[PDB]
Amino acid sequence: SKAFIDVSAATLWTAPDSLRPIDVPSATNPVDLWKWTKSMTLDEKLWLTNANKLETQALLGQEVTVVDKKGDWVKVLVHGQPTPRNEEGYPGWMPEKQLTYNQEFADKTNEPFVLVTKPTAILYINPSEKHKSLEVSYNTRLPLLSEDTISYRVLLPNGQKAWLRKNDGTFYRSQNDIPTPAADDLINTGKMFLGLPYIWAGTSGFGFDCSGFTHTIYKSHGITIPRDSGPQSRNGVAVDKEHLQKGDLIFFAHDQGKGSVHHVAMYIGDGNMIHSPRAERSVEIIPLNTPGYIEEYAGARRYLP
């Protein structure tokens, strides 16, 4: 059955009940994802990848299909994150307490919405008995209720009403009606995140992995590409090295480009690329001709019409 993400961003696990104590702030409702990421050492971040712990992250209001339940954990398919693993959505395990269902929100899912357009922004719940607020990610979509000279009012997945400053968001009729981006729009979007530390499976303005970054940049501009780097590398139109253009996605694969794809970056022209590269680093711009990367070059895809 149908449910909605009830936290700024939910982290989905490859198995239920796999949290360390340091991961607790990712699993509560509400979350504290700055506490989560900023508290971790490098080794603690790398464990997420090397012990194969995470699947993806889903944002506030994103719809999921609940498919299994083990204790306090549910297995869900995240709609809007394409993967060859499952035709309905991206699979993984998350705490049930991070999901909600409100009929009014469910009915308004196909109405015009506000898309959050800064890396993160503050939503103010109004009315709220305890004057609550929520820091939300870039690419969060909530149904638009009303607009004044300074703000948009929106509906939260739990049925509460909230507002954000107009400068923190944009409204659109639907995903399908987000205008087609120019390559520079995509680049400018990526640039907003320069210096944001990497996290495995990161799919929000609280931290990205390389494919979560590319998926999020495209999705926020109306183009849904696969969640993961391997599938990203086999969708869109194949581009040859001599024909690289701004916005093109560039892929790197193990064994000198011959094996599995494990990195993706976006070409930004003049020989440079932007990416969220690895746990040791942050969203950054580097040359395509960087040692390591250049030997693993495994092709390029174009997603812009």
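The first residue of the sequence shown is number 1, and the count goes up from there.
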- Query: Which wins on mean Cα temperature factor, 236-244 or 263-271?
  - Reply: 236-244
- Item | Residue range whose averaged C-alpha B-factor is higher in the record, 68-76 or 156-164 | 68-76
- Compare the CA B factors listed in the entry for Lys258, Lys45, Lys53, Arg278 and report the winner. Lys258
- Given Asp209, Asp107, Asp228, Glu135, the residue at which the Cα B factor reaches its maximum: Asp107
- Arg141 CA temperature factor, ranked by third within the chain: lowest
- Message: Which third, lowest, middle or highest, does the C-alpha temperature factor of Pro95 belong to within its own chain?
- Response: middle
- Item | Chain thirds of CA B-factor: placement of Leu186 | middle
- Query: Where does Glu295 sit by CA temperature factor within its chain: lowest, middle or highest third?
  - Reply: middle
- Message: For the chain shown, is the CA B-factor of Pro127 in the lowest, middle or highest third of its modelled residues?
- Response: highest
